[PDB]
file coords_1.pdb (PDB, C-alpha atoms)
ATOM      1  CA  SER A   1      -8.592  11.229   0.950  1.00  0.00           C
ATOM      2  CA  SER A   2      -7.695   9.617  -2.398  1.00  0.00           C
ATOM      3  CA  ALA A   3      -6.199   6.731  -0.426  1.00  0.00           C
ATOM      4  CA  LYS A   4      -9.138   4.434  -1.181  1.00  0.00           C
ATOM      5  CA  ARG A   5      -9.358   5.708  -4.769  1.00  0.00           C
ATOM      6  CA  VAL A   6      -5.681   4.961  -5.379  1.00  0.00           C
ATOM      7  CA  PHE A   7      -6.204   1.573  -3.713  1.00  0.00           C
ATOM      8  CA  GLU A   8      -9.107   0.798  -6.080  1.00  0.00           C
ATOM      9  CA  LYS A   9      -6.733   1.349  -9.012  1.00  0.00           C
ATOM     10  CA  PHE A  10      -4.293  -1.047  -7.290  1.00  0.00           C
ATOM     11  CA  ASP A  11      -6.951  -3.495  -6.073  1.00  0.00           C
ATOM     12  CA  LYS A  12      -5.309  -6.057  -8.312  1.00  0.00           C
ATOM     13  CA  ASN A  13      -6.970  -8.706  -6.137  1.00  0.00           C
ATOM     14  CA  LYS A  14     -10.348  -6.868  -5.898  1.00  0.00           C
ATOM     15  CA  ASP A  15     -10.159  -8.013  -2.295  1.00  0.00           C
ATOM     16  CA  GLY A  16     -10.246  -4.795  -0.251  1.00  0.00           C
ATOM     17  CA  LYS A  17      -6.650  -5.423   0.673  1.00  0.00           C
ATOM     18  CA  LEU A  18      -3.292  -4.949  -0.964  1.00  0.00           C
ATOM     19  CA  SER A  19      -0.105  -6.874  -0.654  1.00  0.00           C
ATOM     20  CA  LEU A  20       3.230  -5.199  -0.186  1.00  0.00           C
ATOM     21  CA  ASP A  21       3.446  -6.482  -3.695  1.00  0.00           C
ATOM     22  CA  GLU A  22       0.615  -4.172  -4.881  1.00  0.00           C
ATOM     23  CA  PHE A  23       1.789  -1.266  -2.706  1.00  0.00           C
ATOM     24  CA  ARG A  24       5.385  -2.017  -3.857  1.00  0.00           C
ATOM     25  CA  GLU A  25       4.209  -1.968  -7.465  1.00  0.00           C
ATOM     26  CA  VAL A  26       2.231   1.079  -6.379  1.00  0.00           C
ATOM     27  CA  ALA A  27       5.238   2.588  -4.674  1.00  0.00           C
ATOM     28  CA  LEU A  28       7.733   1.616  -7.374  1.00  0.00           C
ATOM     29  CA  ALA A  29       5.332   2.727 -10.128  1.00  0.00           C
ATOM     30  CA  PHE A  30       4.189   6.204  -8.964  1.00  0.00           C
ATOM     31  CA  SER A  31       6.728   6.901  -6.180  1.00  0.00           C
ATOM     32  CA  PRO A  32       9.872   5.082  -7.430  1.00  0.00           C
ATOM     33  CA  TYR A  33      11.871   6.947  -4.766  1.00  0.00           C
ATOM     34  CA  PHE A  34      10.270   4.701  -2.117  1.00  0.00           C
ATOM     35  CA  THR A  35      12.991   2.351  -1.055  1.00  0.00           C
ATOM     36  CA  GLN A  36      11.955  -1.253  -0.744  1.00  0.00           C
ATOM     37  CA  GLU A  37      13.068  -1.019   2.893  1.00  0.00           C
ATOM     38  CA  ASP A  38      10.822   2.008   3.514  1.00  0.00           C
ATOM     39  CA  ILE A  39       7.930   0.327   1.664  1.00  0.00           C
ATOM     40  CA  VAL A  40       8.362  -2.992   3.478  1.00  0.00           C
ATOM     41  CA  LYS A  41       9.281  -1.475   6.821  1.00  0.00           C
ATOM     42  CA  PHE A  42       6.181   0.691   6.614  1.00  0.00           C
ATOM     43  CA  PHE A  43       4.010  -1.944   4.869  1.00  0.00           C
ATOM     44  CA  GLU A  44       5.247  -4.502   7.365  1.00  0.00           C
ATOM     45  CA  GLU A  45       4.435  -1.723   9.868  1.00  0.00           C
ATOM     46  CA  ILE A  46       1.006  -0.869   8.420  1.00  0.00           C
ATOM     47  CA  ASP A  47      -0.013  -4.458   7.643  1.00  0.00           C
ATOM     48  CA  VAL A  48      -1.273  -4.762  11.231  1.00  0.00           C
ATOM     49  CA  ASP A  49      -3.593  -7.731  10.812  1.00  0.00           C
ATOM     50  CA  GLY A  50      -0.644  -9.741   9.543  1.00  0.00           C
ATOM     51  CA  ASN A  51      -2.586 -11.035   6.516  1.00  0.00           C
ATOM     52  CA  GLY A  52       0.411  -9.742   4.582  1.00  0.00           C
ATOM     53  CA  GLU A  53      -1.808  -7.153   2.852  1.00  0.00           C
ATOM     54  CA  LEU A  54      -2.921  -3.556   3.367  1.00  0.00           C
ATOM     55  CA  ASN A  55      -6.383  -3.540   4.891  1.00  0.00           C
ATOM     56  CA  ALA A  56      -8.941  -0.749   4.379  1.00  0.00           C
ATOM     57  CA  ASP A  57      -8.288   1.314   7.564  1.00  0.00           C
ATOM     58  CA  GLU A  58      -4.528   0.708   7.283  1.00  0.00           C
ATOM     59  CA  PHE A  59      -4.879   1.460   3.573  1.00  0.00           C
ATOM     60  CA  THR A  60      -5.730   5.074   4.383  1.00  0.00           C
ATOM     61  CA  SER A  61      -2.904   5.227   6.899  1.00  0.00           C
ATOM     62  CA  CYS A  62      -0.791   3.460   4.270  1.00  0.00           C
ATOM     63  CA  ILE A  63      -1.353   6.455   2.074  1.00  0.00           C
ATOM     64  CA  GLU A  64      -1.379   8.951   4.948  1.00  0.00           C
ATOM     65  CA  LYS A  65       2.368   8.295   4.898  1.00  0.00           C
ATOM     66  CA  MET A  66       1.812  10.899   2.167  1.00  0.00           C
ATOM     67  CA  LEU A  67      -1.225  12.527   0.525  1.00  0.00           C
TER      68      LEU A  67
END

call {"tool": "encode", "arguments": {"input": "coords_1.pdb", "output": "structure tokens"}}
result
Amino acid sequence: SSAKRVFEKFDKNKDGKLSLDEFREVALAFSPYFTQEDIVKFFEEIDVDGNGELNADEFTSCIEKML
């Protein structure tokens, strides 16, 4: 599962969590077809802890949306 690997490359906050901002830069950068509504609906949907960022377990499910 290259979901953590891809996250490392995006860990722009070396925090172990991404913001819809990193996943939106991630989504707009590699998968530009991702509509901001699909990225935010899903990110808003995957960001389960509500910290406003993709956590590690959700990170893999954040990528499971593909990969």

call {"tool": "atom_distance", "arguments": {"input": "coords_1.pdb", "atom1": "atom CA of residue 67 of chain A", "atom2": "atom CA of residue 6 of chain A"}}
result
10.6 Å

call {"tool": "resolve_selection", "arguments": {"input": "coords_1.pdb", "expression": "the PyMOL selection byres ((chain A and resi 53) around 6)", "output": "ChimeraX atom specification"}}
result
/A:17-19,47,51-52,54

call {"tool": "residues_around", "arguments": {"input": "coords_1.pdb", "residues": "residue 44 of chain A", "least_positions_apart": "4", "cutoff": "12 Å", "atoms": "all atoms listed in the file", "output": "PyMOL selection string"}}
result
chain A and resi 18-21+23-24+36-40+48-55+58+62

call {"tool": "atom_distance", "arguments": {"input": "coords_1.pdb", "atom1": "atom CA of residue 3 of chain A", "atom2": "atom CA of residue 60 of chain A"}}
result
5.1 Å

call {"tool": "atom_distance", "arguments": {"input": "coords_1.pdb", "atom1": "atom CA of residue 4 of chain A", "atom2": "atom CA of residue 56 of chain A"}}
result
7.6 Å

call {"tool": "axis_aligned_box", "arguments": {"input": "coords_1.pdb", "around": "segment 31-48 of chain A", "padding_each_side": "8 Å", "output": "AutoDock Vina command-line options"}}
result
--center_x 5.9 --center_y 1.1 --center_z 1.9 --size_x 30.3 --size_y 27.7 --size_z 34.7

call {"tool": "closest_residue", "arguments": {"input": "coords_1.pdb", "among": "A:61, A:2, A:31, A:13", "to": "residue 46 of chain A", "atoms": "all atoms listed in the file"}}
result
A:61
